[PDB]
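Heads up, the chain below is alone and in the form deposited in one PDB entry; it's given as structure tokens.
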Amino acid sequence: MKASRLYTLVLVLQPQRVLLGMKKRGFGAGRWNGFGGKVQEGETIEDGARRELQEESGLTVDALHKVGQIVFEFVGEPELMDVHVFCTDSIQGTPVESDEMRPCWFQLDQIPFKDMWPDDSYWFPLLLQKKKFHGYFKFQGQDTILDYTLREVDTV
């Protein structure tokens, strides 16, 4: 089994809208996404999620809610991406464009799935229903899923 590297993903989800960012470069460029990145040495996963939210969007939050975990495998890449997914409904400040991301709010009847990673179609609806989930997706490149598993869980 491949080694895995820790990543975070943070969704600011309010009652009628969600904050996404347009990835300007790097992994997932050109796709809307939550904010996040590699967990660093010495921080908890939740603290790494808070840090990435602040670095990529300018927003601070004191606390996050863990809602899911998704493991990504890419054909031809040796490491799995172990993505820990967090939400919050309570933000301090305004989103700001970073080098990584251009922020944009979307209404919850206008989730831009066509410009999001294909796997988000499966797990994002669970997040919106306040369910907790574990997922795994194997990709060939950026567009093709070869295998996946998704389960609703009571405890992440």
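A residue's number is simply how far along the shown sequence it sits, counting from 1. We call the rigid core whatever largest set of C-alpha positions still superposes within 1.5 Å between the two forms.
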Of 38-46 and 56-64, the stretch with the higher mean C-alpha B-factor in the deposited entry is 56-64
Between 92-100 and 116-124, the record assigns the higher mean Cα B factor to 92-100
Scanning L6, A3, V156, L150 for peak Cα temperature factor in the entry gives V156
For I70, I111, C87, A29, the deposited C-alpha B-factor is largest at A29
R17: C-alpha B-factor third of its chain, per the entry, is the lowest
Chain-relative C-alpha B factor for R25 (record values, thirds): the highest
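Only in words, not in the display: the form deposited in another entry, which the text now covers.
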- Superpose on the rigid core, then tell me if the C-alpha of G28 is displaced by 2 angstroms or more between this form and the one not shown. yes
